[PDB]
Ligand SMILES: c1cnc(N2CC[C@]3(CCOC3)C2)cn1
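The chain below stands alone, shown as C-alpha cells; this is the form deposited without the ligand.
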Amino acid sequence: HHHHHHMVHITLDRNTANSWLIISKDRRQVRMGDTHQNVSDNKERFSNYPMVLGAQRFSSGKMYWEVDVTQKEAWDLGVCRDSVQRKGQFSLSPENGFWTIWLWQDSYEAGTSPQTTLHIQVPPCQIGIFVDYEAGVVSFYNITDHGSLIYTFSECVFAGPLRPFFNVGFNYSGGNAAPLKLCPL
C-alpha cells in the first residue's frame, strides 16, 4: 500500500483503560496485568474486557498507524466511535460503533455481524490500520507480508468522532501476556 505518508502518532488514554491494564510511561504500549492495577473506577473505563482507546479523535481526513502483535494468541484492533458502550457485555460490530479485526483460537476474523473469515497465509507480527473518514473506509494491512491487504470495511457510517481501539485479550492460557505496541513512524 501507499498510505504510509498519512502516519499519525497515537498514544493510549489511561482513563479509558480497563482497571487491569498496564500502559507504559510513553503511552505507546499496553499489556494486561495479572491483577487490578489500583486505579479508581470512572464511567470511561471498559469494565468487562481488557480494552483501551487512543487519546486522538478523528472527524475528517486520512489517518494511518501500525501496531505490533508479536507472540500474542488473542487481540482485537481497529477504530470505534467515541460514544461506544463502556460497561457490560457487547459484540464488536459496526452496528455497535466498532470497525475491527481479531485473532482468536488460531483464526483471524473481521468484526462484521456475523463475523467474516479472513485469509492470512503469513501470520502478522505488525498490523497497519488506514482510516479515510470522508470515504467511509477502514482497511487493515499485513506489514509482515509486504503490506498485503487483510480486510476493507467500506460504506462505513461512522456517525461520530473516531478513536483508535485496542483489546489485549485475556490470558487464561498463560500464552497471551505479551503487549500491544504502537510502532514508530
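Counting begins at 1, following the sequence as shown.
The form deposited with the ligand bound is left out here; the points below concern that form.
In this form the binding site remains open, since the ligand, overlaid from its pose in the deposited complex, puts no atom within 2.4 angstroms of a backbone or C-beta atom. Residue contact check for residue 167: one or more of its heavy atoms lie within 4.5 Å of the ligand in the deposited complex. Contact annotation for residue 92: at least one heavy atom lies within 4.5 Å of the ligand in the deposited complex. Taking the partner from elsewhere, residue 74 is found to have a heavy atom lying within 4.5 Å of the ligand in the deposited complex. Using a 4.5 Å cutoff between non-hydrogen atoms, residue 79 does not count as a contact of the ligand in the deposited complex.
Using a 4.5 Å cut-off on any heavy atom, the residues of 81-103 that reach the ligand in the deposited complex are, in sequence order, 92, 102, 103.
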